[PDB]
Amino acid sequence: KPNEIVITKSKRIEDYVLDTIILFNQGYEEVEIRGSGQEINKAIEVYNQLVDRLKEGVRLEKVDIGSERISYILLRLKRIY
């Protein structure tokens, strides 16, 4: 659960990127990022900024989409050393 992030309106994209890299740095090899509704685009932009930084060092392990009546996306990312 500490490597499970929910994207909300509260923080900037860049804050969630830093949150994710800190979790990776702390030894969680995988982090889940969840976004729903208007924050699906935000979650994808968090992923894009992570890839921009880490390149091969991060891998998109799994993408789930669905409804929970609002849409959601769930991304599983893996740090690779």
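The numbering used is simple: start at 1 and walk along the sequence shown.
Visitor: For the step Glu68 to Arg69, what size class fits the number of deposited residues with no coordinates, none, 1 to 3, 4 to 9, or 10 or more?
Guide: Going from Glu68 to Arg69, the model skips 4 to 9 residues of the deposited sequence.
Visitor: Mean CA B-factor: is it higher for 57 to 65 or for 10 to 18?
Guide: Comparing averages over the C-alpha atoms only gives 57 to 65.
Visitor: Could you check which stretch, 25 to 33 or 44 to 52, carries the larger mean CA temperature factor in the entry?
Guide: On average, C-alpha B-factors are higher across 25 to 33.
Visitor: Quick check for you: using the entry's CA B-factors within this chain, is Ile80 in the lowest, middle or highest third?
Guide: For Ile80, the deposited C-alpha B-factor lands in the highest third.
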